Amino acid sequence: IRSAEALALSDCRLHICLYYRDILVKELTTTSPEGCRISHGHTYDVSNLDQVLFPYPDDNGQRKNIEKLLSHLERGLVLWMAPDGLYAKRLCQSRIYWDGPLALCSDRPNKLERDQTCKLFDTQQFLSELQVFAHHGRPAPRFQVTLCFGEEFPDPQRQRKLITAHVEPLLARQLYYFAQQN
C-alpha cells in the first residue's frame, strides 16, 4: 500500500558488524543484491557477492589464536536477503553459532551445518512481530542475527569470544524505524 514500505520490503542490503573479542573491528552496509561472503583473505575469482574480509588482528596477546581461527574462516560464510528473508550458508571449517529471530532458547546451541542453507530471519514473521509492536508498543520486533565463529562460549583463558558478528537486514531496521514515528 505505502510506497516507502514497498521500498523497504524491496531492499536486500545487510548491515554487518565484526568484533574481535567484543571490539568493533569492522562495520559496513552491503550493496549487492546477490548477497555477501564473510571470509579471511582475498580470493581471486569472479563473484557477484560482496566480499567482506576479516581485518588483520591487533599484535597484542591473543593474536596467535585469532590467526588460527582465521585459518578456519578461509572459505567463510555466505549471507543473502531474499524477499522471503535472510539466509545463511556456512562454507568454512570453523563452526558457526548463531542466535536470531528464527532461533529458540530450547534449540540452543544453534549451529550452522556446513554446506547446508539455513534461514535466520523471516519477513512474514517479522511483519507479524511488527504488527504486535504497532498495537501494543512492545515488544520490539526481533531482526538482529548474532554469529560466533569457532566458540560456543568464551575460552576459560579469555573473557570474551574471539570473533563475533552482528547482522541486520536494512529492511527490518527501516520498517521498525517507520513504526516508531507513530
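Position 1 is the first residue in the sequence shown; the rest follow in order.
Legend: mean Cα B-factor per stretch from the PDB entry, 150 to 158 versus 45 to 53; the higher mean is in 150 to 158. Of the two segments examined, 104 to 112 and 74 to 82, it is 104 to 112 that shows the higher average Cα temperature factor in the deposited entry.
As recorded in the PDB entry, 64 shows the highest C-alpha B-factor of the residues 135, 26, 40, 64. Residue 139 sits in the lowest third of its chain by CA B factor, as recorded in the PDB entry. In the deposited entry, the Cα temperature factor of residue 60 sits in the top third of values across the chain's modelled residues. Sort the modelled residues of the chain by CA B factor and residue 11 lands in the middle third.
Looking at the C-alpha B-factors along this chain, the one for residue 31 belongs to the highest third.
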